[PDB]
Amino acid sequence: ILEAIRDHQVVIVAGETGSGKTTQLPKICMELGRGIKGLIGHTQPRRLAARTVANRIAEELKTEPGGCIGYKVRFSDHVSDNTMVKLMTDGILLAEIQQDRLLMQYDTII
RNA sequence: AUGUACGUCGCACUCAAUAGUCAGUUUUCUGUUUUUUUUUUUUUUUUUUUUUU
């Protein structure tokens, strides 16, 4: 899956219940070279689905939430300037449509 | 002046009684009194689900 993103502009990964693609796909992005020039967006259907996995990537990468791996849901802007991973639900990115139409804030959206 | 005239009669009530004509299969329901009032205005009733500068 690390090889598919460098060769294709849209990659689709289908996972099962115990797959873990929710927890390792942002880790693939920073390995490829993303995260620096733009933020790594990860769209989730629920905030508690988005919040729980946002603390998970920080704990797996031995950092704290709100720093490099931060989550932005309704007014819970735990985002610093040193961030690369930006967890957010489908409504948050839809709320950022009017602010940024071209989505110049990111480089990889999940 | 003289002489001159008299006798019998009838009526009523009535009036009865008569020609011929034989027969009609068996069985059945229908039937009685009594408490009487016929009618009493009604109520609020349940839940997949999930995301937004």
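Just so it is clear, chain A uses Swiss-Prot numbers, and the residues here are 86-195, in order.
Even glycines carry a Cβ here, placed using N, Cα and C.
Feature list (source: Swiss-Prot):
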BINDING   A:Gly100, A:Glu101, A:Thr102, A:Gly103, A:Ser104, A:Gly105, A:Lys106, A:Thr107  ATP binding site
On a simple 10 Å Cβ count over all chains shown, which one of the binding-site residues A:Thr102, A:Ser104, A:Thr107 is most densely packed?
A:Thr107
Within the same chain, the residues at least 6 apart in sequence whose Cβ is under 8 angstroms from that of A:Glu101 (ATP binding site) are none
Which of the three DSSP-derived classes (helix, strand, coil) applies to A:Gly105 (ATP binding site)?
coil
Which chain-mates of A:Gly105 (ATP binding site) that are at least 6 residues away have a CB under 8 A from its CB, listed by sequence?
none
